[PDB]
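Student: This is the structure I want to talk about, given as structure tokens.
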Protein chains: 20
Amino acid sequence: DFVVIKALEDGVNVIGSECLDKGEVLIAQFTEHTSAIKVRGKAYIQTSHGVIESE
Amino acid sequence: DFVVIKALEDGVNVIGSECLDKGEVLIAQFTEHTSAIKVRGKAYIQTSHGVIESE
Amino acid sequence: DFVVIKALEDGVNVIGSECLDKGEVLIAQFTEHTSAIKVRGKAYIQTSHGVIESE
Amino acid sequence: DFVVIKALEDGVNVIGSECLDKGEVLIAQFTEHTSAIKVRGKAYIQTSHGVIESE
Amino acid sequence: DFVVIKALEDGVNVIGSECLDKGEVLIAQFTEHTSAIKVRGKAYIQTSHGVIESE
Amino acid sequence: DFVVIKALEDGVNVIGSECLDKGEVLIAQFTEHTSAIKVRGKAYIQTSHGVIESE
Amino acid sequence: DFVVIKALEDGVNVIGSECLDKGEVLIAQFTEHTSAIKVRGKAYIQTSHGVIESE
Amino acid sequence: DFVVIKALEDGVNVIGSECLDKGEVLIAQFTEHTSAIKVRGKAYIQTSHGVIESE
Amino acid sequence: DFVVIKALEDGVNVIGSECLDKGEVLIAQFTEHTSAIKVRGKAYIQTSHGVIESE
Amino acid sequence: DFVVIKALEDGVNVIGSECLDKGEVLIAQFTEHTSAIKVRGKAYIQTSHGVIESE
Amino acid sequence: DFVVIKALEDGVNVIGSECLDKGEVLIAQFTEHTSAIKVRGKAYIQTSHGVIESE
Amino acid sequence: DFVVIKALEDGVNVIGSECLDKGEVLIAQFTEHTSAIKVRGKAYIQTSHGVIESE
Amino acid sequence: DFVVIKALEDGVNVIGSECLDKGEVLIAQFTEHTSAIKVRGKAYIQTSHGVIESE
Amino acid sequence: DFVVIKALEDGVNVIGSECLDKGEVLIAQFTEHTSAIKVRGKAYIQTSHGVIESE
Amino acid sequence: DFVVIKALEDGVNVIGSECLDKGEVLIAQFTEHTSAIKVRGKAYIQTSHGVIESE
Amino acid sequence: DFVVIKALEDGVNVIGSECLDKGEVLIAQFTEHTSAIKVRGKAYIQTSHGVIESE
Amino acid sequence: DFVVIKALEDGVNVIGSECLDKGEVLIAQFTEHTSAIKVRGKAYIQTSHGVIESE
Amino acid sequence: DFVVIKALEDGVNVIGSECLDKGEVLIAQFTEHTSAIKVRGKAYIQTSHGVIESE
Amino acid sequence: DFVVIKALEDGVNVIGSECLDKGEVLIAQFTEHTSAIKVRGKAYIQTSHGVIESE
Amino acid sequence: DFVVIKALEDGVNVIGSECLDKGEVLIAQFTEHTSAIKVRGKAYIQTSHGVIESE
Ligand SMILES: [Au+]
Ligand SMILES: [Au+]
Ligand SMILES: [Au+]
Ligand SMILES: [Au+]
Ligand SMILES: [Au+]
Ligand SMILES: [Au+]
Ligand SMILES: [Au+]
Ligand SMILES: [Au+]
Ligand SMILES: [Au+]
């Protein structure tokens with residue numbers, strides 16, 4: 001139901017817009033509105049399906 | 001309930017239309033409307049059933 | 001609730017009609033209408049029960 | 001909730017009537033109407049309980 | 001919710017009446033009406049609790 | 001929700017009354033009415049909790 | 001939701017009253033009324049939590 | 001939803017009042033009323049969390 | 001949904017007030033009212049998360 | 001749905017306010033009101049996600 | 001449904017605003033309102049997906 | 001107005017149905033409904049007319 | 001008000017119809033309907049007036 | 001109209017449920033409800049018809 | 001219709017609660033309410049059926 | 001229906017309160033109100049069940 | 001308005017009925033109903049007027 | 001109007017029920033409901049009339 | 001009408017809940033609600049009846 | 001009805017909040033609202049029960 005995004009670099013954008021600096025962690029749940037989440041920049045994502053590394 | 005698409009190359013299309021560049025990651029939930037998702041180009045998909053690599 | 005079809009060859013048909021080219025991946029959920037899905041051609045399917053290879 | 005039938009030979013019948021050729025794969029969900037599914041001929045079935053081989 | 005009966009010999013009866021020949025496989029779900037299923041003859045049954053061999 | 005009774009000998013009674021011969025298999029679901037099932041004679045029962053052998 | 005009692009000796013009482021002879025097996029579901037089950041005598045009980053041996 | 005109490009000694013009290021003799025087994029479900037169960041004396045309890053031995 | 005408290009010493013208090021002597025075991029479910037349970041004295045608690053030893 | 005806090009030192013505060021002494025254990029469920037719990041001082045917490053040690 | 005944040009350094013901010021000092025632990029559930037939680041500073045987070053370390 | 005039945009052996013039936021084990025004693029009064037009492041097995045009966053020994 | 005019939009042989013009839021086997025004992029009260037009781041076969045009767053032996 | 005039960009051993013049950021310890025004496029009258037009284041364990045009963053010793 | 005209890009020792013309890021000292025005698029009639037009388041301690045009871053000695 | 005109390009010593013109390021001196025005799029009937037009679041001191045009681053000597 | 005009764009021996013009666021054992025202390029206030037208090041046995045009473053020793 | 005009870009030993013009961021451990025002090029006022037207070041165990045009581053020591 | 005509690009040690013609890021540190025003094029009046037006050041830990045209490053020292 | 005607090009040091013808090021400097025004296029009466037008064041810091045209190053020294 002929720003994802004965990006650790007921003008490994010500054011200015012990481014999360015759309016669905018929010019900006020994160022280096023070292024912050026955003027835990028985001030899916031609402032009715034937020035049905036899709038796009039991640040730019042270098043970040044480390046943990047979902048239910050496992051982990052992944054956006055660049 | 002949701003899929004994770006890491007676009008390994010530029011111009012990856014996701015239909016159900018959105019375009020992704022290299023290194024971005026789209027986490028997509030299934031709405032009532034979006035009942036099917038088609039992925040073109042080279043991308044790395046994680047679902048509940050496991051991982052797969054579209055080309 | 002959903003299946004993952006990676007089309008390993010061109011012109012793979014999915015009925016319930018859609019056509020896929022080589023390398024694309026279709027993630028399909030079951031609606032009320034779509035109660036049966038038929039797959040032609042060479043494709044690689046992941047379901048909840050495991051994987052299978054249609055030819 | 002659904003079964004996966006890979007038709008290993010031509011003319012495989014699925015009742016509940018549909019016909020499959022060799023190499024096709026039918027993913028069938030149970031509706032209210034379809035409460036029983038009979039499979040003739042040589043086919044390879046995956047259910048939640050495991051796999052089986054009809055002849 | 002459903003059982004898988006592979007008829008290992010001809011004339012296998014399934015009550016709740018249907019008849020199966022050798023090599024066929026019947027996947028049967030429980031409705032409101034079908035609250036009990038009786039199997040005669042030599043057959044190989046897979047349920048959620050495991051497998052069994054009726055004779 | 002359901003039990004599987006393989007009658008290992010003739011005349012096995014199932015109350016909640018039905019009679020089974022040797023080699024038959026009865027798959028019984030619990031209705032609102034059938035809240036208790038008594039098994040006489042030599043039979044082999046599979047439930048969710050495991051297997052047991054009535055005599 | 002249900003328990004399995006194999007009566008290992010004659011006259012096993014089950015309260016919530018029923019009597020069992022040696023070798024019988026009673027599969028009992030919990031209704032709204034039957035909220036507690038007491039077992040006397042030598043019997044072998046399988047529940048969801050495991051097995052136990054009343055004496 | 002339910003607990004299993006094997007009374008290892010005579011006069012075991014179960015409050016929420018009932019008395020058990022040595023060798024009996026009480027399987028108790030939680031109603032709306034019975035929201036707490038106290039066990040005195042030497043008894044052997046199986047719950048969902050595991051086993052324990054009251055004295 | 002419920003906790004198991006074995007009182008290893010006399011006068012163990014359970015608030016949410018009840019008192020237990022040495023060797024007793026209280027199995028407590030959470031109602032709407034009882035939303036917090038405090039345990040004093042030496043006791044051995046089993047929850048869903050595991051075991052713990054209050055002093 | 002609930003957390004287990006063993007207060008390893010005196011005066012441990014739990015906000016959402018309650019105070020605990022050394023050796024006590026508070027098992028706290030989440031109501032509608034209590035949507036966040038803050039723990040001060042040296043305490044040992046067990047949740048569903050595992051254990052942790054507040055200082 | 002809930003996350004566990006151990007603040008490893010002083011002044012850790014949790015948005016969705018609260019401030020934590022070193023050694024405190026905040027257990028936060030997701031309401032309807034709190035649909036996203038941002039964590040600044042050095043903290044140690046446990047979720048259902050595992051652990052992570054914000055900086 | 002009442003009879004006294006000492007069950008000298010196990011499984012003594014009293015109709016008007018109840019079962020008694022060895023050593024138990026049932027004191028039964030005549031209601032409007034219970035106008036006849038039948039005793040099977042080995043038992044020792046005391047009535048107003050004297051004593052008798054059913055076998 | 002009541003009689004005690006010990007059936008000393010099989011098939012003893014009691015009219016007012018019931019059948020008794022050897023060793024059974026029937027204690028019969030007089031209703032408004034049952035104003036006369038006829039006993040066939042070998043039986044041993046105790047009434048208020050004493051004992052008698054029907055053949 | 002009433003019976004006298006001297007409990008010669010501990011835990012004597014009287015159904016119609018009450019428990020007696022060794023040396024206690026229960027004098028029980030027959031109500032409209034209590035139309036049958038069953039005595040377990042070792043006890044010494046005095047009725048109008050005489051005395052008896054349950055075991 | 002009534003019983004006579006001579007309390008041979010102090011603190012004799014009569015339930016149905018009253019307390020008697022040594023040497024007192026309680027003559028108790030059965031009301032509609034008092035349908036059962038339990039006697040603890042050492043006492044000497046005279047009923048219509050005879051005498052008895054509770055301990 | 002009535003008891004006879006000869007007061008063998010002064011100050012004998014009869015509750016259900018009356019006081020008797022030495023040598024007096026009280027013949028007491030049971031009303032609806034007086035359902036229990038307690039006798040203190042040294043007295044000699046005659047009932048229907050026989051005689052007794054309170055002290 | 002209130003009295004203090006320390007029961008120096010067992011079975012001390014307080015009427016207005018209650019029983020006390022040795023070492024207990026009853027602090028009794030005067031209601032509208034309790035307008036007189038009688039104390040039997042050996043006890044030590046403190047009132048507003050001073051102390052006294054009942055025997 | 002109020003009493004002061006210092007519990008000199010563990011498990012001191014105060015009826016009118018509360019339990020106290022060693023070293024605690026309960027200051028109790030008389031309500032309309034609490035018209036009598038009984039103290040068990042070893043405790044030290046101060047009233048308006050002076051002090052006393054329950055055992 | 002009021003009591004004076006000087007907390008001689010840290011964490012002194014006053015129920016009727018409040019916590020006091022060493023050296024603080026709480027002057028508490030009795031409301032309608034607060035009809036009983038329990039004091040834990042080492043504290044020095046002055047009432048109208050005198051002084052006392054809880055531990 | 002009233003207390004006298006001489007603040008022997010600066011910043012003495014009186015809750016029920018007011019602050020006092022060194023040498024000031026606050027005479028406080030109990031209203032309906034102010035039912036409890038807490039004193040921090042070094043102060044010298046005179047009540048009806050005597051004097052005390054908060055620290
Ligand atoms: Au594009
Ligand atoms: Au065909
Ligand atoms: Au039986
Ligand atoms: Au206690
Ligand atoms: Au801050
Ligand atoms: Au008992
Ligand atoms: Au008198
Ligand atoms: Au007493
Ligand atoms: Au505290």
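All residue names refer to the structure tokens as shown: chains lettered A, B, ... in order, residues numbered from 1 in each chain, ligands numbered from 1 in order.
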Hand me chain I as it sits after a least-squares fit onto chain E over every Cα, paired in order, written as a CSV table (one decimal) with N, CA, C and O atoms, in the first residue's frame.
Tutor:
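Saved the output as result02.csv:
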chain,number,residue,atom,x,y,z
I,1,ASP,N,-11.5,-23.5,-2.9
I,1,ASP,CA,-12.8,-23.3,-3.5
I,1,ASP,C,-13.1,-24.2,-4.6
I,1,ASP,O,-14.3,-24.3,-5.0
I,2,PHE,N,-12.1,-25.0,-5.1
I,2,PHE,CA,-12.3,-25.8,-6.3
I,2,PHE,C,-11.4,-27.0,-6.2
I,2,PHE,O,-10.4,-27.0,-5.6
I,3,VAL,N,-11.9,-28.1,-6.9
I,3,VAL,CA,-11.2,-29.4,-6.9
I,3,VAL,C,-10.8,-29.7,-8.3
I,3,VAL,O,-11.4,-29.2,-9.3
I,4,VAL,N,-9.8,-30.6,-8.5
I,4,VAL,CA,-9.3,-31.0,-9.8
I,4,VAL,C,-9.4,-32.5,-9.8
I,4,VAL,O,-8.7,-33.2,-9.1
I,5,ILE,N,-10.2,-33.1,-10.8
I,5,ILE,CA,-10.4,-34.5,-10.9
I,5,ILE,C,-9.9,-35.0,-12.2
I,5,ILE,O,-10.4,-34.6,-13.2
I,6,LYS,N,-8.8,-35.8,-12.2
I,6,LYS,CA,-8.3,-36.4,-13.4
I,6,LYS,C,-8.8,-37.8,-13.5
I,6,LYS,O,-8.5,-38.7,-12.6
I,7,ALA,N,-9.6,-38.1,-14.5
I,7,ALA,CA,-10.2,-39.5,-14.6
I,7,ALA,C,-9.2,-40.4,-15.2
I,7,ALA,O,-8.9,-40.4,-16.4
I,8,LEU,N,-8.7,-41.3,-14.3
I,8,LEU,CA,-7.7,-42.3,-14.7
I,8,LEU,C,-8.3,-43.5,-15.4
I,8,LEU,O,-7.5,-44.3,-16.0
I,9,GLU,N,-9.6,-43.7,-15.4
I,9,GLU,CA,-10.3,-44.8,-16.1
I,9,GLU,C,-11.6,-44.2,-16.7
I,9,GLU,O,-12.0,-43.2,-16.3
I,10,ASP,N,-12.2,-45.0,-17.6
I,10,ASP,CA,-13.4,-44.6,-18.2
I,10,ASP,C,-14.6,-44.7,-17.3
I,10,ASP,O,-14.6,-45.4,-16.3
I,11,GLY,N,-15.6,-43.9,-17.6
I,11,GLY,CA,-16.9,-43.9,-16.9
I,11,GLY,C,-16.8,-43.4,-15.5
I,11,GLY,O,-17.6,-43.9,-14.7
I,12,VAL,N,-15.9,-42.5,-15.2
I,12,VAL,CA,-15.9,-42.0,-13.8
I,12,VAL,C,-17.0,-41.0,-13.6
I,12,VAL,O,-17.2,-40.0,-14.3
I,13,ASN,N,-17.8,-41.3,-12.6
I,13,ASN,CA,-19.0,-40.5,-12.3
I,13,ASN,C,-18.6,-39.4,-11.2
I,13,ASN,O,-17.9,-39.7,-10.3
I,14,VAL,N,-19.2,-38.2,-11.4
I,14,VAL,CA,-19.1,-37.1,-10.5
I,14,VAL,C,-20.5,-36.6,-10.2
I,14,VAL,O,-21.2,-36.2,-11.1
I,15,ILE,N,-20.9,-36.7,-8.9
I,15,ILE,CA,-22.2,-36.4,-8.5
I,15,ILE,C,-22.3,-35.1,-7.7
I,15,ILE,O,-21.6,-34.9,-6.7
I,16,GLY,N,-23.1,-34.2,-8.2
I,16,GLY,CA,-23.2,-32.9,-7.6
I,16,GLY,C,-23.1,-31.7,-8.5
I,16,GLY,O,-23.4,-31.8,-9.7
I,17,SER,N,-25.3,-35.0,-12.2
I,17,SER,CA,-24.3,-36.0,-12.4
I,17,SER,C,-23.6,-35.8,-13.7
I,17,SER,O,-24.2,-35.3,-14.7
I,18,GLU,N,-22.3,-36.1,-13.7
I,18,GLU,CA,-21.5,-35.9,-14.9
I,18,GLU,C,-20.6,-37.2,-15.1
I,18,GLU,O,-20.3,-37.9,-14.1
I,19,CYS,N,-20.3,-37.5,-16.3
I,19,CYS,CA,-19.4,-38.7,-16.6
I,19,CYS,C,-18.2,-38.3,-17.3
I,19,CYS,O,-18.2,-37.4,-18.1
I,20,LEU,N,-17.0,-38.9,-17.0
I,20,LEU,CA,-15.8,-38.5,-17.5
I,20,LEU,C,-15.1,-39.8,-18.1
I,20,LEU,O,-15.3,-40.9,-17.6
I,21,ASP,N,-14.4,-39.6,-19.2
I,21,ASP,CA,-13.7,-40.7,-19.8
I,21,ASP,C,-12.2,-40.6,-19.4
I,21,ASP,O,-11.8,-39.7,-18.7
I,22,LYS,N,-11.4,-41.6,-19.8
I,22,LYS,CA,-10.0,-41.7,-19.4
I,22,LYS,C,-9.2,-40.6,-20.0
I,22,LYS,O,-9.2,-40.3,-21.2
I,23,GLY,N,-8.5,-39.8,-19.1
I,23,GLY,CA,-7.6,-38.8,-19.5
I,23,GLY,C,-8.2,-37.4,-19.4
I,23,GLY,O,-7.4,-36.4,-19.5
I,24,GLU,N,-9.5,-37.3,-19.2
I,24,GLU,CA,-10.1,-36.0,-19.1
I,24,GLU,C,-9.8,-35.5,-17.6
I,24,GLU,O,-9.5,-36.2,-16.7
I,25,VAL,N,-10.0,-34.1,-17.5
I,25,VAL,CA,-9.8,-33.5,-16.2
I,25,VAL,C,-10.9,-32.5,-16.0
I,25,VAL,O,-11.2,-31.6,-16.9
I,26,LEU,N,-11.6,-32.6,-14.9
I,26,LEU,CA,-12.7,-31.7,-14.6
I,26,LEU,C,-12.2,-30.8,-13.4
I,26,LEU,O,-11.9,-31.4,-12.3
I,27,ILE,N,-12.3,-29.5,-13.6
I,27,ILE,CA,-12.0,-28.6,-12.5
I,27,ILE,C,-13.4,-28.0,-12.0
I,27,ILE,O,-14.1,-27.4,-12.8
I,28,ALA,N,-13.8,-28.3,-10.8
I,28,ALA,CA,-15.1,-28.0,-10.3
I,28,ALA,C,-15.0,-27.1,-9.1
I,28,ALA,O,-14.3,-27.4,-8.2
I,29,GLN,N,-15.8,-26.0,-9.2
I,29,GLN,CA,-16.0,-25.1,-8.1
I,29,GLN,C,-17.2,-25.4,-7.4
I,29,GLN,O,-18.2,-26.0,-7.9
I,30,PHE,N,-17.2,-25.0,-6.1
I,30,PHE,CA,-18.4,-25.2,-5.3
I,30,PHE,C,-19.4,-24.0,-5.4
I,30,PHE,O,-19.0,-22.9,-5.0
I,31,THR,N,-20.6,-24.3,-5.8
I,31,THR,CA,-21.6,-23.3,-5.9
I,31,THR,C,-22.4,-23.3,-4.6
I,31,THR,O,-21.9,-23.9,-3.6
I,32,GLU,N,-23.5,-22.6,-4.5
I,32,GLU,CA,-24.4,-22.7,-3.4
I,32,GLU,C,-25.1,-24.1,-3.5
I,32,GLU,O,-25.3,-24.7,-2.5
I,33,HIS,N,-25.5,-24.5,-4.7
I,33,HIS,CA,-26.2,-25.7,-4.9
I,33,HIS,C,-25.3,-26.9,-4.6
I,33,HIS,O,-25.6,-27.8,-3.8
I,34,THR,N,-24.1,-27.0,-5.3
I,34,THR,CA,-23.2,-28.1,-5.2
I,34,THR,C,-22.5,-27.9,-3.9
I,34,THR,O,-21.5,-27.2,-3.8
I,35,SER,N,-23.0,-28.6,-2.8
I,35,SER,CA,-22.3,-28.5,-1.5
I,35,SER,C,-21.7,-29.8,-1.2
I,35,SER,O,-21.0,-29.9,-0.1
I,36,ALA,N,-21.8,-30.8,-2.0
I,36,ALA,CA,-21.1,-32.1,-1.8
I,36,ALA,C,-20.8,-32.8,-3.1
I,36,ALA,O,-21.7,-32.7,-4.0
I,37,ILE,N,-19.7,-33.4,-3.3
I,37,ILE,CA,-19.2,-34.0,-4.5
I,37,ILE,C,-18.8,-35.4,-4.2
I,37,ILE,O,-17.9,-35.6,-3.4
I,38,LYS,N,-19.4,-36.4,-4.9
I,38,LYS,CA,-19.1,-37.8,-4.7
I,38,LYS,C,-18.4,-38.3,-6.0
I,38,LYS,O,-18.9,-38.0,-7.1
I,39,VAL,N,-17.3,-39.0,-5.9
I,39,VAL,CA,-16.5,-39.5,-7.0
I,39,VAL,C,-16.5,-41.0,-7.0
I,39,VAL,O,-16.1,-41.6,-5.9
I,40,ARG,N,-16.9,-41.6,-8.0
I,40,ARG,CA,-16.8,-43.1,-8.2
I,40,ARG,C,-15.7,-43.4,-9.1
I,40,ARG,O,-15.2,-42.6,-9.9
I,41,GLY,N,-15.3,-44.7,-9.1
I,41,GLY,CA,-14.3,-45.2,-10.1
I,41,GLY,C,-12.9,-44.7,-9.7
I,41,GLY,O,-12.7,-44.0,-8.8
I,42,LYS,N,-12.0,-45.1,-10.6
I,42,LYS,CA,-10.6,-44.8,-10.4
I,42,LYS,C,-10.3,-43.4,-10.9
I,42,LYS,O,-10.4,-43.1,-12.1
I,43,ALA,N,-10.0,-42.5,-10.0
I,43,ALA,CA,-9.7,-41.1,-10.4
I,43,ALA,C,-8.7,-40.5,-9.4
I,43,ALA,O,-8.5,-41.0,-8.3
I,44,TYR,N,-8.1,-39.4,-9.8
I,44,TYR,CA,-7.0,-38.8,-9.1
I,44,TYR,C,-7.4,-37.3,-8.8
I,44,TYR,O,-7.6,-36.5,-9.7
I,45,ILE,N,-7.6,-37.0,-7.5
I,45,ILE,CA,-8.2,-35.8,-7.1
I,45,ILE,C,-7.1,-34.9,-6.4
I,45,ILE,O,-6.4,-35.4,-5.6
I,46,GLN,N,-7.1,-33.7,-6.8
I,46,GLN,CA,-6.3,-32.7,-6.1
I,46,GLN,C,-7.2,-31.6,-5.5
I,46,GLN,O,-8.1,-31.1,-6.2
I,47,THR,N,-7.1,-31.5,-4.2
I,47,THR,CA,-7.8,-30.4,-3.5
I,47,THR,C,-6.8,-29.5,-2.8
I,47,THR,O,-5.6,-29.6,-3.0
I,48,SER,N,-7.3,-28.6,-2.0
I,48,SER,CA,-6.5,-27.7,-1.2
I,48,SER,C,-5.7,-28.5,-0.2
I,48,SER,O,-4.6,-28.1,0.2
I,49,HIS,N,-6.3,-29.5,0.4
I,49,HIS,CA,-5.7,-30.3,1.4
I,49,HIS,C,-4.7,-31.3,0.9
I,49,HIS,O,-4.0,-31.9,1.7
I,50,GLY,N,-4.6,-31.4,-0.4
I,50,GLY,CA,-3.6,-32.4,-1.0
I,50,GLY,C,-4.2,-33.2,-2.0
I,50,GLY,O,-5.3,-32.8,-2.6
I,51,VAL,N,-3.6,-34.4,-2.3
I,51,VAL,CA,-4.1,-35.2,-3.4
I,51,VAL,C,-4.6,-36.5,-2.7
I,51,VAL,O,-4.3,-36.9,-1.6
I,52,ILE,N,-5.4,-37.2,-3.5
I,52,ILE,CA,-6.1,-38.5,-3.1
I,52,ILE,C,-6.4,-39.3,-4.3
I,52,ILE,O,-6.5,-38.7,-5.4
I,53,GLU,N,-6.6,-40.6,-4.2
I,53,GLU,CA,-6.9,-41.4,-5.3
I,53,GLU,C,-8.1,-42.3,-5.1
I,53,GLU,O,-8.1,-43.3,-4.3
I,54,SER,N,-9.2,-41.9,-5.7
I,54,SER,CA,-10.5,-42.6,-5.5
I,54,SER,C,-10.4,-43.9,-6.4
I,54,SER,O,-9.8,-43.9,-7.5
I,55,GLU,N,-11.1,-44.9,-6.0
I,55,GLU,CA,-11.1,-46.2,-6.8
I,55,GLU,C,-12.5,-46.7,-7.0
I,55,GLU,O,-12.7,-47.7,-7.6
Student: Among chain E, which ones does DSSP place in strand (DSSP E), written as a count of residues only?
Tutor: 32
